[PDB]
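What follows is a short report on a single structure.
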Amino acid sequence: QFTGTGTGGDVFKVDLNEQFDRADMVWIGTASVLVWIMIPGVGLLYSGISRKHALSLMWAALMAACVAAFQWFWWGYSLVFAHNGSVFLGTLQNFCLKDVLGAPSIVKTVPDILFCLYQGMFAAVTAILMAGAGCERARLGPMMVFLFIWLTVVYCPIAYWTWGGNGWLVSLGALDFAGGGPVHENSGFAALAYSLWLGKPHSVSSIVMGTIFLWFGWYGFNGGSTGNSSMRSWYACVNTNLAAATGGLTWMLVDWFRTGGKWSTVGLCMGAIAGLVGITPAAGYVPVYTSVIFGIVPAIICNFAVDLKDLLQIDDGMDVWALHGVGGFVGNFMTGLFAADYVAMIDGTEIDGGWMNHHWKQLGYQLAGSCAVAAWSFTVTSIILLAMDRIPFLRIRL
Amino acid sequence: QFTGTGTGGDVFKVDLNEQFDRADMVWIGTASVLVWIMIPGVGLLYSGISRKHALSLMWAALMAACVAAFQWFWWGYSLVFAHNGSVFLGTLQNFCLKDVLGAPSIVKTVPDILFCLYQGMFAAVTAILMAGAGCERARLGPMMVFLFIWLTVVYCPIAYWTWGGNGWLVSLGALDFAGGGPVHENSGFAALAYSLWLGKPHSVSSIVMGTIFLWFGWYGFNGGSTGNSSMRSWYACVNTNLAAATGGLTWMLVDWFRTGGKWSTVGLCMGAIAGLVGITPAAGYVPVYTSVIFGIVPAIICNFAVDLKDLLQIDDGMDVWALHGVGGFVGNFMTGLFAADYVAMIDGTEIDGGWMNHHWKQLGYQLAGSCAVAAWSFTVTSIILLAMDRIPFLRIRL
Amino acid sequence: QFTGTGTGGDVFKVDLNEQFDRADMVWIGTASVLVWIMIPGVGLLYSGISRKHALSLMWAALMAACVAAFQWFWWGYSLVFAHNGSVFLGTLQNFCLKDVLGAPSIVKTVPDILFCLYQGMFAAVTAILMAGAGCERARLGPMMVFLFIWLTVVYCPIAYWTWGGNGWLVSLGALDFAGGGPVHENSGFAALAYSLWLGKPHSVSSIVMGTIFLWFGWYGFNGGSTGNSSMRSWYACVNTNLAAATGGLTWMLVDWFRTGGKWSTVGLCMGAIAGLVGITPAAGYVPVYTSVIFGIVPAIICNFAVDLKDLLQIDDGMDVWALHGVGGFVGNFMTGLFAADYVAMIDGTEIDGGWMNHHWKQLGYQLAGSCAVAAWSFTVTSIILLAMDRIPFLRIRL
């Protein structure tokens, strides 16, 4: 009968669905289809935000969704969610997704095959936050090749450290809810390492149109990170939703001060995105009133984080870092403060909490991951893209 | 254990999810994310329909989603869905959403926190049907301030009267399914009171693109107003869907008569919207064949309701009234006729019915709400926006 | 109590929801709203792909959604899903959808009313793959009339043969999962019979924007064809997803060979669509590794199937045939090879399998349907559109 290892059993002998709640499954099923639409969210958002462009990266978002898919089929999933992995990376147990079916996943409440589906949507949103930085006059052929390799040696380590069975941040005692680390910091600082070595209407709608796609999709992103149809799912959604509100209102007032009384529509659009990123690691852990702080604080810190566009000049890919890499860090910190064991308990999840319940040690744990993440995302991103220009016919930039 | 008041219990002592069906919850969770995309539906639809514009209100739709969020966080939810409210308005019991978690809501079949999530999406669609009327050369700063106040003293009373615990239309005996009153009539007649005191391709796609967003989202709007995963949910969806069909076919034939044989693509787009609004208050109460009538009738009555664009001239915000304010009334009336106690009974809902089962008195009850609504939405909208121009530096229009 | 015929019982005497899983229902409910957005997917995709156009068929997609709705209300549903049908067509038992409520449908695991909702979304996507071929300087009035008749005598027979109670392909032993036959082949070869008798940026985004809508929506299309919240739903989604990946990667490499090293963004967009169509009939039956083949093979065969644009010249509607009619056939064949009884068994579905388990006879059965389909879709499409130009005032083309 139910073995809990491999495919979990004989389809001819046992009903593998009996292990799971069909409502928890239905939700993550929905949630899966919602994260995907965040890809042309990045595309439209960063296409429309570019002040300089080689190729409409709204189309180059579809390029990532084919590449990320095949890598994640190939060995991507295995390296993050295998049941026998080390502690730094998983195994290759599931190469080309064989024996991925009915066993409970590293989230015990959905099967491997739906958790492959839903977690596969984060390596793909990461992919377009990556290609999106290095789009300017970059070659197309080697680009795809970059990504495949980058997902393998940069994303997958970080992901297994955060979400993976015997990962070392899970076991340390660090909280990361919907993956600010694996997705925003990973891609915020690997976009920095492109803009150091390989470094207005008629395009406003494309930001906005693009912005809206992301706001919409994050509901599947955060709300479906609870892993079940429970009411913490919907809780995190109330949180997500208003970090994005207070995020975007804050960011509009701030340059309306710093710059006389400057009109800024693209302001509010980014304030939202500043707040969504800022709440990712905390959406299922922090009290609702405190999720306004997660709106405010990363909008401010990221506003000034953009004004570092002139005291070092460079532009191609600092927009990604300005929001996701900073805003992730800011939010991964703030988790350590407001993470409350009594919000976590709404689906029974046991954590020690953060400062909200005098678990002082937590805020340290939180700094442990962000630094490990940022570093790995920078050095190992760096080694590959230098060694990538090294060979002529596999370009990157010109 | 389960107390049914406050947060409903101790997360450390009881499992608060046991009260609810995880499938009813999953659905309204989905449905919630579907109503949201109706906001840039209005935006794109009314931006693209404007014959005259100050600022792309497709972006000014995102402004409403930040403001509506914070107001609804602040005191919005409390005023409509508090468990101890008077009969004209709820209490302030839930200021800044404290003690909103696991108790059954005024819809007993979902928790306060998911019902905050899903019902919060109607105050936000209302918000953009509001700002959307008064967009023309209006100031941005005071605009946000308008809305906040308008949601508080105009929307929230009407909403608590229709949906609220001890509201007086619920207790009277009036049927309103997905809220034609609180959302369309409220915003149809408050858009009239702007165009009295403060009163083509290359923009066709934006109507269409915008139209499509709404048709798509209404499924979450109406279908998720049943409050459960029951098969009345999907019933109302079959209704919604074809009121929009027959709505839009009717509206295309009609000016194809009145105007020689005039081509009208924007016709069909509005006929749909005419029919969606016309079925909102009735989608869960009326037999499917009768939902064609709800397509037809409000398309006609609203077609002529547009031709009042010349026998009084004014334009800025009559498009909103032409569809949602008239079409709501037309549909709130027609509910009283075709509301059938044996459709309501598909999830066990007990009503007296409408004329379909000789409950003659009903059609009166239906007129009681629409008039109360329309009036409150007009007078109290009026007092504020006059007293709003009154002070210089908090403008509205110029 | 539960009678299983008619409306299934007395709403006042029995709870009709008890027959069904509220999670299976919730999903197909969601899935229903996902297939709909595939309509402006076709629209945007084929509008943006047109090298020649009379009227933005992105708006002419909304025309189909009104017409398809009313026909399917009228007699459409009845002809395909009636419980007493012959073997060639169902009955008229459910004319104007009376007595469609709580009985299990021809898929026993959802009620007639939700199965009307969800299956109604395929006759509508078919509708826009139809009108979309014959859009070029065609008249609008008679167009609607065409469709209504075409859905009735062409779509509905094919559909009842594949999905219908006593259909003859179901009973024969043929596998068709999400309906490559009824939807793609039906509309691939009926688009051929228009282009025989009645026969670049600034429009790239519209392909892409349009492409994305379809990729997104297919999850509801294929994943919701399992009919339940089971984990085969999500399985088929993993399949769908990567047939579209490997589909679109293949198609980009291929003209990057055939044409020197030609840049082709519209390539990848179509490769995806080539792969989605290629996996439709197989998504719930074939092993995941084999779903890469379904990506590759129909991308190649359909690439060359486009290069028949010059060795016969004609264009208006060969793009539809190039993808859906060929790609359907290619995929309906390949089902017969890789259909495995042990994937089908994941929700207990009993099939004999295909060649994967030495059921040699299968591949024949598979050819039986595709040919029957293609033929009926051609001859009967032909008779009507010739006899349609026959009468002056009901034009088609000029």
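Naming works like this for the structure tokens: A, B, ... for the chains as they're shown, residue 1 at the start of each chain, ligands 1 onward in shown order.
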
Please report as a tab-separated table every residue of chain B lying within 9 Å of chain C, along with the nearest atom pair and their distance in Å (one decimal), using only C-alpha atoms.
```
residue	atom	partner	partner_atom	distance
B:21	CA	C:22	CA	8.4
B:22	CA	C:23	CA	8.0
B:23	CA	C:23	CA	5.1
B:24	CA	C:22	CA	7.4
B:26	CA	C:26	CA	7.5
B:27	CA	C:26	CA	5.8
B:30	CA	C:30	CA	7.4
B:31	CA	C:30	CA	8.4
B:204	CA	C:59	CA	8.9
B:205	CA	C:59	CA	7.7
B:208	CA	C:59	CA	6.3
B:209	CA	C:58	CA	8.4
B:212	CA	C:40	CA	7.7
B:213	CA	C:37	CA	8.8
B:216	CA	C:33	CA	6.7
B:217	CA	C:33	CA	8.4
B:219	CA	C:33	CA	7.0
B:220	CA	C:33	CA	8.7
B:229	CA	C:22	CA	5.8
B:230	CA	C:17	CA	6.4
B:231	CA	C:17	CA	6.6
B:232	CA	C:113	CA	8.9
B:233	CA	C:29	CA	8.4
B:234	CA	C:114	CA	5.4
B:235	CA	C:113	CA	6.1
B:237	CA	C:117	CA	7.4
B:238	CA	C:117	CA	5.8
B:241	CA	C:69	CA	7.6
B:242	CA	C:69	CA	6.1
B:244	CA	C:66	CA	7.4
B:245	CA	C:66	CA	4.0
B:246	CA	C:66	CA	6.7
B:247	CA	C:66	CA	8.6
B:248	CA	C:66	CA	7.1
B:249	CA	C:66	CA	6.7
B:265	CA	C:59	CA	7.6
B:268	CA	C:63	CA	7.8
B:269	CA	C:62	CA	7.9
B:272	CA	C:66	CA	8.6
B:288	CA	C:97	CA	7.6
B:289	CA	C:96	CA	6.9
B:342	CA	C:11	CA	6.8
B:343	CA	C:11	CA	8.2
B:345	CA	C:11	CA	5.8
B:346	CA	C:11	CA	5.8
B:347	CA	C:15	CA	7.5
B:348	CA	C:11	CA	7.4
```

For the alpha helix (DSSP H) assignment from backbone DSSP, which residues of region 321-362 of chain B qualify? Please present them as a PDB file with N, CA and C atoms, in the first residue's frame.
```
ATOM      1  N   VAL B 326     -28.541  52.434 -14.280  1.00  0.00           N
ATOM      2  CA  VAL B 326     -29.784  52.020 -14.918  1.00  0.00           C
ATOM      3  C   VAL B 326     -29.892  50.492 -14.920  1.00  0.00           C
ATOM      4  N   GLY B 327     -28.873  49.835 -15.485  1.00  0.00           N
ATOM      5  CA  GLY B 327     -28.863  48.390 -15.663  1.00  0.00           C
ATOM      6  C   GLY B 327     -29.005  47.631 -14.359  1.00  0.00           C
ATOM      7  N   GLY B 328     -28.475  48.208 -13.283  1.00  0.00           N
ATOM      8  CA  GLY B 328     -28.702  47.684 -11.947  1.00  0.00           C
ATOM      9  C   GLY B 328     -30.161  47.766 -11.554  1.00  0.00           C
ATOM     10  N   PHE B 329     -30.738  48.960 -11.672  1.00  0.00           N
ATOM     11  CA  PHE B 329     -32.151  49.165 -11.359  1.00  0.00           C
ATOM     12  C   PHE B 329     -33.035  48.193 -12.143  1.00  0.00           C
ATOM     13  N   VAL B 330     -32.849  48.166 -13.461  1.00  0.00           N
ATOM     14  CA  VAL B 330     -33.603  47.281 -14.337  1.00  0.00           C
ATOM     15  C   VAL B 330     -33.533  45.819 -13.849  1.00  0.00           C
ATOM     16  N   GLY B 331     -32.352  45.426 -13.376  1.00  0.00           N
ATOM     17  CA  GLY B 331     -32.110  44.053 -12.980  1.00  0.00           C
ATOM     18  C   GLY B 331     -32.568  43.777 -11.565  1.00  0.00           C
ATOM     19  N   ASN B 332     -32.536  44.801 -10.729  1.00  0.00           N
ATOM     20  CA  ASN B 332     -33.020  44.669  -9.370  1.00  0.00           C
ATOM     21  C   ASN B 332     -34.553  44.577  -9.350  1.00  0.00           C
ATOM     22  N   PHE B 333     -35.181  45.227 -10.320  1.00  0.00           N
ATOM     23  CA  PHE B 333     -36.611  45.110 -10.518  1.00  0.00           C
ATOM     24  C   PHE B 333     -36.940  43.679 -10.938  1.00  0.00           C
ATOM     25  N   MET B 334     -36.401  43.298 -12.091  1.00  0.00           N
ATOM     26  CA  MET B 334     -36.642  42.000 -12.711  1.00  0.00           C
ATOM     27  C   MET B 334     -36.374  40.766 -11.831  1.00  0.00           C
ATOM     28  N   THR B 335     -35.470  40.909 -10.866  1.00  0.00           N
ATOM     29  CA  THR B 335     -35.295  39.910  -9.818  1.00  0.00           C
ATOM     30  C   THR B 335     -36.633  39.612  -9.151  1.00  0.00           C
ATOM     31  N   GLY B 336     -37.314  40.675  -8.718  1.00  0.00           N
ATOM     32  CA  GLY B 336     -38.589  40.557  -8.031  1.00  0.00           C
ATOM     33  C   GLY B 336     -39.626  39.754  -8.785  1.00  0.00           C
ATOM     34  N   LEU B 337     -39.469  39.719 -10.105  1.00  0.00           N
ATOM     35  CA  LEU B 337     -40.362  38.957 -10.961  1.00  0.00           C
ATOM     36  C   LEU B 337     -39.948  37.498 -10.991  1.00  0.00           C
ATOM     37  N   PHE B 338     -38.734  37.231 -11.466  1.00  0.00           N
ATOM     38  CA  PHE B 338     -38.321  35.856 -11.760  1.00  0.00           C
ATOM     39  C   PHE B 338     -37.608  35.099 -10.628  1.00  0.00           C
ATOM     40  N   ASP B 341     -37.972  30.326  -5.582  1.00  0.00           N
ATOM     41  CA  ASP B 341     -37.526  29.686  -4.348  1.00  0.00           C
ATOM     42  C   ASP B 341     -36.907  28.307  -4.588  1.00  0.00           C
ATOM     43  N   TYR B 342     -37.107  27.749  -5.781  1.00  0.00           N
ATOM     44  CA  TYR B 342     -36.634  26.401  -6.102  1.00  0.00           C
ATOM     45  C   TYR B 342     -35.301  26.389  -6.836  1.00  0.00           C
ATOM     46  N   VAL B 343     -34.803  27.576  -7.170  1.00  0.00           N
ATOM     47  CA  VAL B 343     -33.432  27.727  -7.648  1.00  0.00           C
ATOM     48  C   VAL B 343     -32.613  28.006  -6.401  1.00  0.00           C
ATOM     49  N   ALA B 344     -33.171  28.822  -5.520  1.00  0.00           N
ATOM     50  CA  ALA B 344     -32.488  29.196  -4.304  1.00  0.00           C
ATOM     51  C   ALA B 344     -32.191  27.960  -3.456  1.00  0.00           C
ATOM     52  N   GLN B 362     -43.094  40.628  -3.132  1.00  0.00           N
ATOM     53  CA  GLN B 362     -41.652  40.729  -3.428  1.00  0.00           C
ATOM     54  C   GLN B 362     -41.219  41.943  -4.254  1.00  0.00           C
TER      55      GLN B 362
END
```

For residue 306 (chain A), please output as a list in words all residues within 12 Å (counting only C-alpha atoms; exclusion window: fewer than 5 positions along the same chain).
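Returned residues: residues 251, 255, 267, 270, 271, 274, 298, 299, 300, 301, 311, 312, 313, 314, 315, 317, 318, 319, 320, 321, 322, 323, 324, 325, 326 and 327 of chain A.
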
Any idea what's packed within 8 Å of residue 147 (chain B), counting only C-alpha atoms, ignoring anything in its chain fewer than 2 positions away? Could you give it as a compact mmCIF listing (two decimals) with N, CA, C and O atoms, in the first residue's frame?
```txt
# COMPACT_ATOMS: atom_id res chain seq x y z
N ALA B 64 -6.98 53.00 -6.99
CA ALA B 64 -8.18 52.68 -6.23
C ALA B 64 -7.95 51.42 -5.42
O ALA B 64 -8.50 51.26 -4.33
N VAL B 67 -6.03 52.42 -2.25
CA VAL B 67 -6.88 53.21 -1.37
C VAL B 67 -8.01 52.38 -0.78
O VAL B 67 -8.30 52.48 0.41
N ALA B 68 -8.63 51.57 -1.62
CA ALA B 68 -9.76 50.75 -1.18
C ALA B 68 -9.25 49.73 -0.18
O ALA B 68 -9.93 49.41 0.80
N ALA B 127 -14.87 51.36 -6.03
CA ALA B 127 -13.92 52.47 -6.04
C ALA B 127 -13.53 52.94 -7.47
O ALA B 127 -13.43 54.14 -7.70
N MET B 130 -16.08 54.64 -9.33
CA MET B 130 -16.23 55.99 -8.79
C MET B 130 -15.21 56.96 -9.35
O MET B 130 -15.57 57.89 -10.06
N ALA B 131 -13.94 56.76 -9.02
CA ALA B 131 -12.86 57.59 -9.57
C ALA B 131 -12.95 57.71 -11.10
O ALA B 131 -12.64 58.75 -11.67
N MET B 143 -8.21 63.45 -4.73
CA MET B 143 -8.95 62.33 -5.31
C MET B 143 -8.98 61.12 -4.39
O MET B 143 -10.05 60.65 -3.99
N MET B 144 -7.78 60.62 -4.07
CA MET B 144 -7.59 59.59 -3.05
C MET B 144 -8.37 59.88 -1.77
O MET B 144 -9.00 58.98 -1.19
N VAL B 145 -8.34 61.14 -1.34
CA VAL B 145 -9.02 61.53 -0.11
C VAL B 145 -10.54 61.44 -0.26
O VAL B 145 -11.24 60.99 0.64
N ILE B 149 -13.15 58.76 2.02
CA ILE B 149 -14.37 59.27 2.65
C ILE B 149 -15.64 58.71 1.98
O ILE B 149 -16.63 58.39 2.66
N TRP B 150 -15.61 58.60 0.65
CA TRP B 150 -16.80 58.15 -0.06
C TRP B 150 -17.14 56.69 0.24
O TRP B 150 -18.31 56.33 0.33
N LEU B 151 -16.10 55.87 0.37
CA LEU B 151 -16.28 54.45 0.66
C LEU B 151 -16.88 54.27 2.04
O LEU B 151 -17.71 53.38 2.25
```
